[PDB]
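> Take this structure first; my questions come after.
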Amino acid sequence: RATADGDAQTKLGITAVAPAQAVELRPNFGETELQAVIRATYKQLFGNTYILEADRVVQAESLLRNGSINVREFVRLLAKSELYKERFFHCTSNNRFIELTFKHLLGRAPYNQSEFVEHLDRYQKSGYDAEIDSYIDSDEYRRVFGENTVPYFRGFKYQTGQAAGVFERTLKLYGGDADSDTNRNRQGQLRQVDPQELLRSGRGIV
Amino acid sequence: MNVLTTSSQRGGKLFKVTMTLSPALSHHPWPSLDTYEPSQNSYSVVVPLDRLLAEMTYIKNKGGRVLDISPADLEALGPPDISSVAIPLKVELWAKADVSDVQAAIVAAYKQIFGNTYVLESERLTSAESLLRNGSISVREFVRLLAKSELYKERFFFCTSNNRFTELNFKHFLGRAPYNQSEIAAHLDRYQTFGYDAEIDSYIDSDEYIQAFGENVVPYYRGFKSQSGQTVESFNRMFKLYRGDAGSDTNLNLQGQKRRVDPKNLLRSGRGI
Ligand SMILES: *[C@H](C)[C@H]1/C(=C/c2[nH]c(/C=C3N=C(/C=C4\NC(=O)C(CC)=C4C)C(C)=C\3CCC(=O)O)c(CCC(=O)O)c2C)NC(=O)[C@@H]1C
Ligand SMILES: *[C@H](C)[C@H]1/C(=C/c2[nH]c(/C=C3N=C(/C=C4\NC(=O)C(CC)=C4C)C(C)=C\3CCC(=O)O)c(CCC(=O)O)c2C)NC(=O)[C@@H]1C
Ligand SMILES: *[C@H](C)[C@H]1/C(=C/c2[nH]c(/C=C3N=C(/C=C4\NC(=O)C(CC)=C4C)C(C)=C\3CCC(=O)O)c(CCC(=O)O)c2C)NC(=O)[C@@H]1C
Ligand SMILES: *[C@H](C)[C@H]1/C(=C/c2[nH]c(/C=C3N=C(/C=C4\NC(=O)C(CC)=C4C)C(C)=C\3CCC(=O)O)c(CCC(=O)O)c2C)NC(=O)[C@@H]1C
Ligand SMILES: *[C@H](C)[C@H]1/C(=C/c2[nH]c(/C=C3N=C(/C=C4\NC(=O)C(CC)=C4C)C(C)=C\3CCC(=O)O)c(CCC(=O)O)c2C)NC(=O)[C@@H]1C
């Protein structure tokens, strides 16, 4: 065979995301650490889509500089924002949005069909906002990258209690270092994850 | 820490929660055992009212435990003005004092000796007032009678612990706050053997008293302005002991009698013995 170590990753194009590097903000931060964290958040939340100079949110970044909010709060502010909502929420369908937010706020794709039920009903019962919170609030977000750590892709590496067929699902969502999910491409914003593969993982009643 | 906004963009009273962090709650992304960062052993977040319940439960379900919660309006308030205590004012009782001048010393003595605490007409002490104004008692002796009175023991000494009663005494009888654990320890011991009366005497008897506001001057706030043999921390302590005007020492409030000056702060200024 004589495949390299890297080979299997480089063939898929997941070489950067696979064991992704984790960026942490520290108790007192240099001017560069701040600006790294900020760049990493923006790249991960918005899905490597391009954020102009006007799109940036100055206040959230200031509060992050004073120390008045942690990184986890910064993430919520970005996620609960016109700019995010315009790209991944108002143009797509709720089925499409859920899989996006899952990927953005936790590097995996959705593990099974029930994950769509708890998050769609949540959205009708309460806001968008309460939904978004349920993600950052959830224990899996807290357990990994709980505070002061930028969210990073957890997909493409074995995680405990993973479902099988994340690996493939996230490959549908990631699709390479130059790809980016974009509200504004021809044929709009559409789900990549096909709905029949979800059911392939269990589907209980409700 | 300072909170920068009192309310969330969506209407909602922000509360500042303080917790002892735990490795589960936040951990460095390193190999090896998970550690939180040392400088954040006591972490603080500001949460809206809505997320407060869930946030607190998560903290507790992990190893965390909540040191305290406080409304962000109260927090993120000015440190108390020191205008009135920067220059105390000072009252002298002359010999051959007018009826009025004696009155004004009595009031001042209650105010300082009892903290902004209110004293009702039934609480007030005719007998000791009677002694002042026909002579026979000094201002210093009147003060010693107040700190012997039950009213004084009921508030400051019978509800709280001796460790708090000590600083509470240091404030009433000397403007200063306490400086170094040594002082707190000595008073605790003196109280055990001599008993409550001796302890009270030892402030009024001590050299700082008499050297300042010796006799016939109602005691006034010395702290808040630089004193001899006074560690700097002591000046910050004074800001904990003294909150505003129309802030008191009250047994009456919920968990009324706690310690303004955390014991670790005392140990900073001087640890030994
Ligand atoms: C310029 C020479 C020509 C041009 C380019 C062009 N690109 C876009 C939009 C995007 N370009 C990219 C590409 C990248 N993302 C990356 O990280 C990298 C390097 C790793 C690249 C090269 C992406 C992701 C977008 C989307 C950005 C976003 O959604 O904000 C456009 C704009 C098209 C649009 O409708 O957004 C253009 C114009 N096209 C030309 O006409 C030039 C000849
Ligand atoms: C061992 C008997 C054989 C072998 C195994 C092997 N696996 C990988 C890499 C991965 N294995 C998995 C598999 C899982 N993901 C899941 O969700 C589950 C249970 C549902 C499994 C079992 C995954 C996700 C990876 C990739 C990410 C990771 O490393 O965790 C390798 C390494 C290949 C690579 O380049 O990553 C190997 C060698 N292969 C053999 O040679 C044995 C016959
Ligand atoms: C070993 C020489 C002595 C000792 C050490 C000891 N430490 C703990 C627990 C913690 N120690 C730390 C230390 C750090 N955390 C950091 O991030 C850093 C560098 C930035 C340091 C130096 C921390 C924070 C903890 C608590 C949480 C954690 O696990 O990280 C223990 C165990 C305490 C316990 O009861 O859990 C011990 C034993 N103590 C000894 O016995 C030696 C004298
Ligand atoms: C003996 C069973 C154990 C022990 C006791 C111990 N205590 C100290 C020192 C102090 N203890 C106190 C505590 C109090 N403050 C109060 O207001 C009251 C009454 C309600 C108490 C009991 C204080 C203030 C001190 C400081 C100094 C002093 O003597 O007052 C020590 C001395 C150690 C030190 O000062 O650092 C000791 C030994 N500790 C043990 O080892 C025993 C198991
Ligand atoms: C009356 C409108 C409402 C009310 C008031 C109330 N206050 C207390 C107790 C205190 N009130 C104060 C007030 C001040 N201290 C000051 O020095 C100043 C300005 C200089 C003010 C206005 C203070 C110091 C106390 C504590 C000492 C004391 O014994 O009063 C109470 C009693 C609290 C208790 O539990 O004992 C009350 C009832 N409460 C109401 O019912 C009205 C709405």
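Following the order of the structure tokens, first chain is A, next is B, and so on, with residues numbered from 1 inside each chain and ligands from 1 in the order they appear.
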Please find the residues contacting ligand 1 at a distance of at most 10 Å between atoms, with only C-alpha atoms and all ligand atoms counted, and report them as an MDAnalysis selection string.
chainID A and resid 43 46:52 87 176:186
> Could you pull out the residues sitting within 8 Å of ligand 4, using only C-alpha atoms and all ligand atoms, and write them as a PDB file with C-alpha atoms, in the first residue's frame?

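Everything below was put into part-v2.pdb:
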```pdb
ATOM      1  CA  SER B 161     -18.241  36.664  66.137  1.00  0.00           C
ATOM      2  CA  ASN B 162     -15.455  38.209  68.261  1.00  0.00           C
ATOM      3  CA  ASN B 163     -13.318  38.507  65.106  1.00  0.00           C
ATOM      4  CA  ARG B 164     -15.921  40.839  63.588  1.00  0.00           C
ATOM      5  CA  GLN B 181      -4.019  39.760  62.371  1.00  0.00           C
ATOM      6  CA  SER B 182      -1.865  40.274  65.486  1.00  0.00           C
ATOM      7  CA  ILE B 184      -7.397  40.716  66.090  1.00  0.00           C
ATOM      8  CA  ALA B 185      -5.668  37.838  67.902  1.00  0.00           C
ATOM      9  CA  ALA B 186      -4.638  39.917  70.928  1.00  0.00           C
ATOM     10  CA  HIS B 187      -8.186  41.189  71.448  1.00  0.00           C
ATOM     11  CA  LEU B 188      -9.590  37.653  71.147  1.00  0.00           C
ATOM     12  CA  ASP B 189      -7.257  36.436  73.907  1.00  0.00           C
ATOM     13  CA  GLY B 272       3.497  36.008  61.808  1.00  0.00           C
ATOM     14  CA  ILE B 273       2.971  35.411  65.568  1.00  0.00           C
TER      15      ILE B 273
END
```
> With only C-alpha atoms and all ligand atoms counted, collect every polymer residue having an atom within 8 Å of ligand 2; state the result as a PyMOL selection string.
chain A and resi 5-9+156-159+162-167
> Could you write out that same residue set with N, CA, C and O atoms as a PDB file, in the first residue's frame?

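Generated output (again03.pdb):
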```
ATOM      1  N   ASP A   5       1.441   8.600   6.654  1.00  0.00           N
ATOM      2  CA  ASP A   5       0.612   8.907   7.810  1.00  0.00           C
ATOM      3  C   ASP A   5      -0.436   9.954   7.433  1.00  0.00           C
ATOM      4  O   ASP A   5      -1.637   9.691   7.432  1.00  0.00           O
ATOM      5  N   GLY A   6       0.028  11.142   7.070  1.00  0.00           N
ATOM      6  CA  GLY A   6      -0.871  12.181   6.618  1.00  0.00           C
ATOM      7  C   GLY A   6      -1.825  11.724   5.516  1.00  0.00           C
ATOM      8  O   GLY A   6      -2.889  12.310   5.380  1.00  0.00           O
ATOM      9  N   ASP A   7      -1.452  10.724   4.709  1.00  0.00           N
ATOM     10  CA  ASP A   7      -2.062  10.532   3.399  1.00  0.00           C
ATOM     11  C   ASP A   7      -3.572  10.637   3.479  1.00  0.00           C
ATOM     12  O   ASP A   7      -4.184  11.342   2.687  1.00  0.00           O
ATOM     13  N   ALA A   8      -4.153   9.913   4.431  1.00  0.00           N
ATOM     14  CA  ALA A   8      -5.591   9.710   4.488  1.00  0.00           C
ATOM     15  C   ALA A   8      -6.353  11.011   4.702  1.00  0.00           C
ATOM     16  O   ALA A   8      -7.418  11.196   4.154  1.00  0.00           O
ATOM     17  N   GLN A   9      -5.789  11.896   5.512  1.00  0.00           N
ATOM     18  CA  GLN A   9      -6.316  13.228   5.683  1.00  0.00           C
ATOM     19  C   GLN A   9      -6.107  14.048   4.415  1.00  0.00           C
ATOM     20  O   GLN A   9      -7.065  14.610   3.927  1.00  0.00           O
ATOM     21  N   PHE A 156     -14.361  14.517  12.398  1.00  0.00           N
ATOM     22  CA  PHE A 156     -13.192  13.943  11.730  1.00  0.00           C
ATOM     23  C   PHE A 156     -12.223  13.382  12.761  1.00  0.00           C
ATOM     24  O   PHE A 156     -11.128  12.987  12.385  1.00  0.00           O
ATOM     25  N   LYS A 157     -12.600  13.345  14.035  1.00  0.00           N
ATOM     26  CA  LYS A 157     -11.812  12.636  15.039  1.00  0.00           C
ATOM     27  C   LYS A 157     -12.783  11.876  15.939  1.00  0.00           C
ATOM     28  O   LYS A 157     -13.904  12.336  16.115  1.00  0.00           O
ATOM     29  N   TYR A 158     -12.396  10.714  16.472  1.00  0.00           N
ATOM     30  CA  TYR A 158     -13.368   9.932  17.235  1.00  0.00           C
ATOM     31  C   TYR A 158     -13.647  10.686  18.523  1.00  0.00           C
ATOM     32  O   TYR A 158     -12.716  10.997  19.257  1.00  0.00           O
ATOM     33  N   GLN A 159     -14.922  10.970  18.791  1.00  0.00           N
ATOM     34  CA  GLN A 159     -15.325  11.616  20.037  1.00  0.00           C
ATOM     35  C   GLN A 159     -16.232  10.658  20.798  1.00  0.00           C
ATOM     36  O   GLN A 159     -17.041   9.986  20.170  1.00  0.00           O
ATOM     37  N   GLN A 162     -20.028   9.534  20.085  1.00  0.00           N
ATOM     38  CA  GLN A 162     -20.290   9.936  18.721  1.00  0.00           C
ATOM     39  C   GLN A 162     -21.255   8.915  18.163  1.00  0.00           C
ATOM     40  O   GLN A 162     -21.292   7.797  18.661  1.00  0.00           O
ATOM     41  N   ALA A 163     -22.048   9.301  17.173  1.00  0.00           N
ATOM     42  CA  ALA A 163     -22.768   8.323  16.376  1.00  0.00           C
ATOM     43  C   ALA A 163     -21.862   7.906  15.252  1.00  0.00           C
ATOM     44  O   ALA A 163     -21.070   8.707  14.808  1.00  0.00           O
ATOM     45  N   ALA A 164     -22.021   6.730  14.686  1.00  0.00           N
ATOM     46  CA  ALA A 164     -21.291   6.500  13.450  1.00  0.00           C
ATOM     47  C   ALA A 164     -21.835   7.436  12.386  1.00  0.00           C
ATOM     48  O   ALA A 164     -22.969   7.896  12.453  1.00  0.00           O
ATOM     49  N   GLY A 165     -21.068   7.702  11.357  1.00  0.00           N
ATOM     50  CA  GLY A 165     -21.694   8.432  10.273  1.00  0.00           C
ATOM     51  C   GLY A 165     -21.904   9.905  10.614  1.00  0.00           C
ATOM     52  O   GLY A 165     -22.615  10.623   9.915  1.00  0.00           O
ATOM     53  N   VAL A 166     -21.219  10.373  11.645  1.00  0.00           N
ATOM     54  CA  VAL A 166     -20.814  11.760  11.669  1.00  0.00           C
ATOM     55  C   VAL A 166     -19.748  11.961  10.613  1.00  0.00           C
ATOM     56  O   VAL A 166     -19.890  12.827   9.765  1.00  0.00           O
ATOM     57  N   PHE A 167     -18.685  11.155  10.676  1.00  0.00           N
ATOM     58  CA  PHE A 167     -17.525  11.382   9.841  1.00  0.00           C
ATOM     59  C   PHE A 167     -18.010  11.749   8.446  1.00  0.00           C
ATOM     60  O   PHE A 167     -17.646  12.793   7.927  1.00  0.00           O
TER      61      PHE A 167
END
```
> Pick from A:169, A:200, A:191, A:76: nearest to residue A:95, with only C-alpha atoms counted?
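Smallest separation from residue A:95 among the options: A:191.
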> Hey, which of B:149, B:236, B:117, B:211 ends up closest to ligand 5? Count only C-alpha atoms and all ligand atoms.
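Going through B:149, B:236, B:117, B:211 one by one, the smallest distance to ligand 5 is for B:117.
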> Contacts of residue A:107 at 12 Å or less, counting only C-alpha atoms, minus same-chain residues fewer than 5 places along, as an mmCIF file with N, CA and C atoms, in the first residue's frame?

```cif
data_model
loop_
_atom_site.group_PDB
_atom_site.id
_atom_site.type_symbol
_atom_site.label_atom_id
_atom_site.label_comp_id
_atom_site.auth_asym_id
_atom_site.auth_seq_id
_atom_site.Cartn_x
_atom_site.Cartn_y
_atom_site.Cartn_z
ATOM 1 N N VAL A 17 -8.361 20.870 9.548
ATOM 2 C CA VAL A 17 -9.391 20.727 10.545
ATOM 3 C C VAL A 17 -9.101 19.491 11.352
ATOM 4 N N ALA A 18 -8.828 18.366 10.712
ATOM 5 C CA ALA A 18 -8.481 17.231 11.527
ATOM 6 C C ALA A 18 -7.615 17.835 12.621
ATOM 7 N N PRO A 19 -7.160 17.035 13.586
ATOM 8 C CA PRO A 19 -6.850 17.521 14.922
ATOM 9 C C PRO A 19 -6.704 19.032 14.852
ATOM 10 N N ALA A 20 -7.808 19.776 14.870
ATOM 11 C CA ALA A 20 -7.709 21.217 14.730
ATOM 12 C C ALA A 20 -6.947 21.785 15.922
ATOM 13 N N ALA A 22 -6.558 24.482 18.897
ATOM 14 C CA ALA A 22 -7.483 25.186 19.767
ATOM 15 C C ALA A 22 -6.894 26.527 20.215
ATOM 16 N N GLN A 44 -14.852 30.688 12.358
ATOM 17 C CA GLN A 44 -15.488 29.433 12.663
ATOM 18 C C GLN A 44 -16.978 29.604 12.732
ATOM 19 N N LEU A 45 -17.435 30.658 13.374
ATOM 20 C CA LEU A 45 -18.850 30.941 13.422
ATOM 21 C C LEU A 45 -19.395 31.226 12.049
ATOM 22 N N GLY A 47 -18.265 30.389 9.171
ATOM 23 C CA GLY A 47 -18.071 29.370 8.162
ATOM 24 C C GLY A 47 -17.214 29.881 7.017
ATOM 25 N N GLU A 99 -28.451 22.230 11.079
ATOM 26 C CA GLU A 99 -27.193 21.597 10.752
ATOM 27 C C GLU A 99 -26.061 22.605 10.641
ATOM 28 N N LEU A 100 -26.330 23.810 10.140
ATOM 29 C CA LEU A 100 -25.289 24.814 10.152
ATOM 30 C C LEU A 100 -24.874 25.141 11.576
ATOM 31 N N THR A 101 -25.780 25.647 12.404
ATOM 32 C CA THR A 101 -25.406 26.025 13.758
ATOM 33 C C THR A 101 -24.688 24.885 14.465
ATOM 34 N N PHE A 102 -25.086 23.654 14.210
ATOM 35 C CA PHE A 102 -24.433 22.536 14.855
ATOM 36 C C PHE A 102 -22.964 22.538 14.530
ATOM 37 N N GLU A 140 -22.296 19.766 26.161
ATOM 38 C CA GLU A 140 -21.245 19.404 25.221
ATOM 39 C C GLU A 140 -20.418 20.625 24.835
ATOM 40 N N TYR A 141 -21.052 21.790 24.723
ATOM 41 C CA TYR A 141 -20.297 23.013 24.492
ATOM 42 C C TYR A 141 -19.470 23.333 25.724
ATOM 43 N N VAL A 144 -16.296 20.756 26.278
ATOM 44 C CA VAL A 144 -15.167 21.055 25.401
ATOM 45 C C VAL A 144 -15.275 22.540 25.097
ATOM 46 N N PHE A 145 -14.177 23.278 25.123
ATOM 47 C CA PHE A 145 -14.223 24.700 24.784
ATOM 48 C C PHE A 145 -15.253 25.398 25.653
ATOM 49 N N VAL A 150 -12.032 29.152 21.869
ATOM 50 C CA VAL A 150 -12.811 29.323 20.646
ATOM 51 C C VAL A 150 -13.335 27.952 20.252
ATOM 52 N N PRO A 151 -14.572 27.808 19.751
ATOM 53 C CA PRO A 151 -15.036 26.524 19.254
ATOM 54 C C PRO A 151 -14.215 26.070 18.056
ATOM 55 N N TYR A 152 -13.900 24.773 17.987
ATOM 56 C CA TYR A 152 -13.109 24.198 16.898
ATOM 57 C C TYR A 152 -13.822 22.951 16.412
ATOM 58 N N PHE A 153 -13.573 22.516 15.179
ATOM 59 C CA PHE A 153 -14.242 21.334 14.646
ATOM 60 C C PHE A 153 -13.910 20.102 15.467
ATOM 61 N N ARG A 154 -14.917 19.378 15.972
ATOM 62 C CA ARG A 154 -14.654 18.135 16.683
ATOM 63 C C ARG A 154 -14.907 16.977 15.727
ATOM 64 N N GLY A 155 -15.407 17.280 14.535
ATOM 65 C CA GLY A 155 -15.643 16.248 13.532
ATOM 66 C C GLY A 155 -14.334 15.721 12.969
ATOM 67 N N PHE A 156 -14.361 14.517 12.398
ATOM 68 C CA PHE A 156 -13.192 13.943 11.730
ATOM 69 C C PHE A 156 -12.223 13.382 12.761
ATOM 70 N N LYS A 157 -12.600 13.345 14.035
ATOM 71 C CA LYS A 157 -11.812 12.636 15.039
ATOM 72 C C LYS A 157 -12.783 11.876 15.939
ATOM 73 N N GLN A 159 -14.922 10.970 18.791
ATOM 74 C CA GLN A 159 -15.325 11.616 20.037
ATOM 75 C C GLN A 159 -16.232 10.658 20.798
ATOM 76 N N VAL A 166 -21.219 10.373 11.645
ATOM 77 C CA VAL A 166 -20.814 11.760 11.669
ATOM 78 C C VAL A 166 -19.748 11.961 10.613
ATOM 79 N N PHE A 167 -18.685 11.155 10.676
ATOM 80 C CA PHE A 167 -17.525 11.382 9.841
ATOM 81 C C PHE A 167 -18.010 11.749 8.446
ATOM 82 N N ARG A 169 -21.042 12.605 7.360
ATOM 83 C CA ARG A 169 -21.909 13.774 7.394
ATOM 84 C C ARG A 169 -21.066 15.049 7.425
ATOM 85 N N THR A 170 -20.104 15.188 8.342
ATOM 86 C CA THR A 170 -19.292 16.391 8.399
ATOM 87 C C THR A 170 -18.504 16.604 7.123
ATOM 88 N N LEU A 171 -18.101 15.540 6.441
ATOM 89 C CA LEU A 171 -17.439 15.701 5.165
ATOM 90 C C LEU A 171 -18.361 16.380 4.170
ATOM 91 N N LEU A 173 -20.419 18.683 5.004
ATOM 92 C CA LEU A 173 -20.585 20.045 5.465
ATOM 93 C C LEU A 173 -19.320 20.855 5.263
ATOM 94 N N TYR A 174 -18.162 20.202 5.341
ATOM 95 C CA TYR A 174 -16.889 20.895 5.337
ATOM 96 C C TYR A 174 -16.430 21.156 3.909
#
```
